[PDB]
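> In terms of the deposited numbering, the sequence shown opens at residue 1 and continues consecutively. Beta carbons are placed, not taken as given, at the ideal position from N, Cα and C, and that holds for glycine.
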Amino acid sequence: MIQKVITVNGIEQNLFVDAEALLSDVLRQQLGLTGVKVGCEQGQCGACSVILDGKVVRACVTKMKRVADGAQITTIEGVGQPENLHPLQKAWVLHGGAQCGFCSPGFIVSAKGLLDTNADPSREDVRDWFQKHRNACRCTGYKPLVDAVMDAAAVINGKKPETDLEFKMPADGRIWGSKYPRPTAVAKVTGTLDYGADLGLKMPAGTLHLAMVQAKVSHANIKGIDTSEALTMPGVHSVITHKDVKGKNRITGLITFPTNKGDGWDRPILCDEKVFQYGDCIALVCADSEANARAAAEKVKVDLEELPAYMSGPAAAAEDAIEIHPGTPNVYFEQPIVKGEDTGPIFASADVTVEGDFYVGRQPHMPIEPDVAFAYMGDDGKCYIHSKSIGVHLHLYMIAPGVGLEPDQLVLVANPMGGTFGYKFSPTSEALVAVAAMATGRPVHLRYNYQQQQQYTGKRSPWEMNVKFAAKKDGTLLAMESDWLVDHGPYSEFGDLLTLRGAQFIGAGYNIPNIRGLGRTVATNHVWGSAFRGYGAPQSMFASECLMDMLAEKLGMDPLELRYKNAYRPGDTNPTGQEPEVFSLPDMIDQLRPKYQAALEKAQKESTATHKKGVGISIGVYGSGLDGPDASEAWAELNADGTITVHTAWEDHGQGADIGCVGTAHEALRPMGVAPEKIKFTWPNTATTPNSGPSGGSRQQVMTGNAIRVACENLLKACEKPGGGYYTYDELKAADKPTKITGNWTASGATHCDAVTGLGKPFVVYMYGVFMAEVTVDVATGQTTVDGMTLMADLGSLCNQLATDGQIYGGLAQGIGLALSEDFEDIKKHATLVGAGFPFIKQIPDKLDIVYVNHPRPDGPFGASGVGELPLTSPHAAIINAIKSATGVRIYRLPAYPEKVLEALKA
Ligand code: PCD
Ligand code: FES
Ligand code: FES
Ligand SMILES: [Cl-]
Ligand SMILES: [Cl-]
Ligand SMILES: [Cl-]
Ligand SMILES: [Mg+2]
Ligand SMILES: [Mg+2]
């Protein structure tokens, strides 16, 4: 041990540390400075950036021996605090740079180090600095961060007043449609929002820390578990196995389709009979610390009989393949799409046909915050789970039978969380922590490291796809055929639903009267499928949007013009035979057309013989909702101090549940003149908030927004005085009148798609957009640079522009990664941020352009649609179409790795 006297955030600290300790652990655990966030633990993400003697360093790779006696350290807590924000923190809030917030301390400290060395940086200087310091963001697309740094610099420089960093009310008081900051932003930019790992550090002594004993093979029969040596290790309390589970020890997919061949109870909580994928949790070590639990977990001995693993859909779907789930075929679900007339003869006589085979792979979500959860037995005897769930009621019902509890005996709560992008539509760690809390009676806390986040949370399911079009010479589409194979890994939850998405979205955007297609879901031993932002559309529309450009190429038509010819117009129907609710694609195409022409001209002009520039187009469509007559509920309550609490279970991945609630409620409450700061939101809790539904399917602004609107209208009626005016709280209470008022809303016009034909009206609100990608391909290295992205977006009406801008930038950035670099195919090679192709700032162009072309939706609140998944529906098709424009070659199987682009160039 060594004594080190240093200064931290301006205050002398008398530190007693191990020389080998990591500064991240010392600051977080010894000094309680949980604003130093830890994500990757490998020096790759910058979340733990601190200033050490004038240099920005990552604390997670900085050992205490490198910290000199007398050193100066600055963490986010020393940059500023909630009622003393630094200009960078104020700019962050104004510019909406904290979405999930997990990266915000690291970027803001890093940016102070920049400004302390370069007072007046160029935007390029800012991007170069965040690239060298590895400041990673998965939510924002970086542009808002760079905007915030530039604004703060100008203030620090005396160029502009600091008060220009404070939001100015539009004067009229409307915050719907405005840039009003989100309520959680100040906590995020000051590091005072506790995420699950932070809460772990602030739990009482007595809390047990868990570590997973995981399969190190992809497929096996389990013969036995030997915990003997592990029990003798430092700090170890016990080891939990399937023997300790009090229910079925299985998670249910809950809405498994009747024509699924599987019963949806395939996924174990703790493996008992078999290993189904690498990473499967077979036991939990309970210990006094994460480090002690992990050291003992390595000593638990699992005796396995390894089985041949099927690591792709085609392998597992082979007619011969052995059943992964004995008794159930590996191909366990099929969804036909049957619209119009038989396609065979239409293909036979059409002027032009085109066909392609496409692939979109196992994209990893890569939130900066790895999965974390905790559980405890409440004084009331219920088991409480606090996790990254974005569907607390959904997960309650998916895990209660397996852990052996009735829905009245378990409570799920969503912690503040650092991003999920869909992976948390699945249970990950919740059943694990509940079993351990139940078995021990003690609080338990489980943190995944980043390798566990990559290998042992769910993934975008790969799809192998064949799509064909038939068309007339004038480009009018006549018919489509489609085939898709969905590799869902071993656990069936929502796999059949994802396969149905291919019937709804392959070919979406155009009138296509005649369709014949079939999707197939296959169990494999690769990572199980969890939703990933877009859920079926990134696969489906990559195929159809690339194919539209192949059809345009073949007809000698401009691809944008071919889309204009076919885009939805009154009278048309979508692939499931439903009429669109608004018709904005021609309008967006018309407004994009000159920008596209200018872009084509720039490309042609600025291409060189080795750096070829190109421009590519795509359309995106996705539903806002769960299929069918989805619904939500909210409660609007006048409190005794005159504030109003809007109670919902709107789960916040980081997309903006707080501002969606406040902005929607503010607009609904305008007749009573309620200031936005007087409106309170509730964190999701299955015991004390209503079943608003999960934050999946870009649904909450529509479904929960409408329920908030109705609850608020109902609260206005409850408060109205006859003759005009409103009663106060005190008045209603003296009157014995109610002050907490319910509202509900249902998408009553929707119907489920048919199991035999795929036809129906699954959503009553859709999102529509048009993408333009501008790229440069180095034809010596095959490296693609995305130089600009444009999204024409119809979101109906914006609840909050900071929120929708940031949603679109973040989605476009994930589309650049899906297009060029991201996959989870090799269990080892892809288990880090950099190995899996995470996009750092220089991979995302500063030019991210949005044009809103908003057609108010008949059934959305104040006309709004969702936004969440629109930007990831097909940006990667626009990018691959731009590589084809630049170079003449087509990448059919993502990602477009440089070697793959070179092989196509040289073919
Ligand atoms: N018009 C409009 C729309 C919308 N908004 C906004 O925006 C957001 C979003 O919304 P939406 O769309 O409704 O959505 P939500 O439901 O809430 O959420 C969900 C999503 O969200 C997104 N985004 C995001 N972001 C962030 N930051 N993070 C994350 O993680 C995430 N995730 C992702 C996903 S994947 Mo799935 O599950 O796959 O289906 S689906 C999803 C919010 O805040 C709201 O409010 C506005 O403002 N306006
Ligand atoms: S760089 Fe330190 S936690 Fe990622
Ligand atoms: S706000 Fe940057 S990772 Fe979420
Ligand atoms: Cl998906
Ligand atoms: Cl290819
Ligand atoms: Cl490569
Ligand atoms: Mg027509
Ligand atoms: Mg090669």
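Taking just the CA atoms, how far does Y852 sit from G106?
About 31 Å.
> At the level of alpha carbons, what is the spacing between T785 and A773?
Cα to Cα, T785 sits roughly 10 Å from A773.
> Measure the C-alpha to C-alpha separation of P329 and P490 and round it to an integer number of angstroms.
In a straight line, the C-alpha of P329 is about 12 Å away from that of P490.
> Go ahead and pull the three-state DSSP assignment for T784.
Looking at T784 - three-state DSSP - the assignment turns out to be strand.
> Is it right to say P671 is buried, meaning 16 or more other beta carbons lie within 10 angstroms of its own, or is it exposed?
Exposed, by the Cβ-count rule.
> Find out if the Cβ-Cβ distance for the pair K613, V775 is shorter than 8 Å.
Their beta carbons are under 8 Å apart, which means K613 touches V775 by this criterion.
> In chain order, what residues place their C-beta within less than 6 Å of a heavy atom belonging to ligand 2?
Residues flagged by the Cβ proximity filter: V38, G39, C40, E41, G43, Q44, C45, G46, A47, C48, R58, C60.
> What are the partner residues of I240, as DSSP defines its beta bridges?
In the DSSP output, where bridge partners are listed per residue, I240 has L284.
> In the DSSP assignment, find the alpha helix (DSSP H) that holds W129 and state where it starts and stops.
123 to 132 is the extent of the alpha helix (DSSP H) around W129.
> Less than 8 Å between the CB atoms is what I'm expecting for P684 and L394, so what's the real figure, rounded?
Not confirmed; about 11 Å, so no contact.
> Taking 7 Å as the line, does the beta carbon of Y892 fall inside it for any heavy atom of ligand 5?
Yes; taking the cut-off as 7 Å, the Cβ of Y892 has a heavy atom of ligand 5 nearer than that.
> In the structure shown, what three-state DSSP assignment does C719 receive?
Looking at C719 - three-state DSSP - the assignment turns out to be helix.
> Taking 7 Å as the cut-off, is the beta-carbon of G534 closer than that to any non-hydrogen atom of ligand 4?
The answer is yes for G534.
> The alpha helix (DSSP H) spanning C546 covers which residue range?
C546 -> alpha helix (DSSP H) spans 537 to 555.
> Counting only runs that start and end within the stretch 635 to 717, where is the alpha helix (DSSP H) found for 4 or more residues in a row?
Listed in chain order, they are 657 to 669.
> Measuring straight from C-alpha to C-alpha, what distance separates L560 and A567?
C-alpha separation (whole angstroms): 10 Å.
> Run the proximity test for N574: is its beta-carbon closer than 7 Å to any non-hydrogen atom belonging to ligand 7?
Outside the cutoff, so no.
> Just verifying my parser: in three-state terms, what is the DSSP assignment at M64?
Residue state, collapsed to three classes: helix.
> In chain order, what residues of the same chain have a beta carbon less than 7 Å from the beta carbon of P898, not counting five sequence neighbours either side?
Excluding residues within five positions, the ones whose Cβ falls inside 7 Å are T781, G782, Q783.
> Note the first and the last residue of the continuous beta strand (DSSP E) segment covering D496.
Not the beta strand (DSSP E): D496 falls in the alpha helix (DSSP H), residues 495 to 505.
> Hey, is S110 close to ligand 3, as in C-beta under 7 Å from one of its heavy atoms?
Outside the cutoff, so no.
> Just verifying my parser: in three-state terms, what is the DSSP assignment at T74?
Strand.
> Thinking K680 and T645 are a contact (beta carbons under 8 Å), I'd like their distance in whole angstroms, please.
With 8 Å as the limit, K680 and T645 qualify as a contact, their Cβ atoms being about 4 Å apart.
> Taking Cβ to Cβ, would you say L270 is nearer than 8 Å to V527?
Contact flag unset, no.
> Quick check: what's the CA-CA separation for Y376 versus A400?
Each residue's alpha carbon lies about 15 Å from the other.
> Please indicate yes or no: does the CB of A543 lie closer than 7 Å to some heavy atom of ligand 4?
Every heavy atom of ligand 4 is 7 Å or more from the Cβ of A543, so no.
> Please state the DSSP three-state secondary structure of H830.
Three-state DSSP puts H830 in coil, outside helix and strand.
> So what does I225 bridge to, in DSSP terms?
Answer is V302, bridged to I225.
> Considering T804, what are the terminal residues of the alpha helix (DSSP H) in which it resides?
801 to 820 is the span of the alpha helix (DSSP H), which, as asked, contains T804.
> For a quick check, are the C-beta atoms of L304 and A220 less than 8 Å apart?
The answer is yes: Cβ separation under 8 Å.
> What does the alpha-carbon distance come out to for the pair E606 and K884?
Rounded to the nearest angstrom, the two C-alpha atoms are 16 Å apart.
> Mind checking whether the beta-carbon of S461 lies closer than 7 Å to any heavy atom of ligand 4?
Result yes, Cβ under 7 Å from ligand 4.
> Please report the straight-line C-alpha distance between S492 and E822, rounded to a whole angstrom.
Their backbone Cα atoms lie some 24 Å apart in a straight line.
> Please report the Cβ distance between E77 and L33, rounded to the nearest whole angstrom; I am assuming they are in contact, meaning their Cβ atoms lie under 8 Å.
6 Å between Cβ atoms; contact.
> Using DSSP with H/G/I as helix, E/B as strand and the rest coil, what is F107?
Residue state, collapsed to three classes: helix.
> Does at least one heavy atom of ligand 4 sit under 7 Å from the Cβ of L498?
Yes, Cβ of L498 sits closer than 7 Å to a heavy atom of ligand 4.
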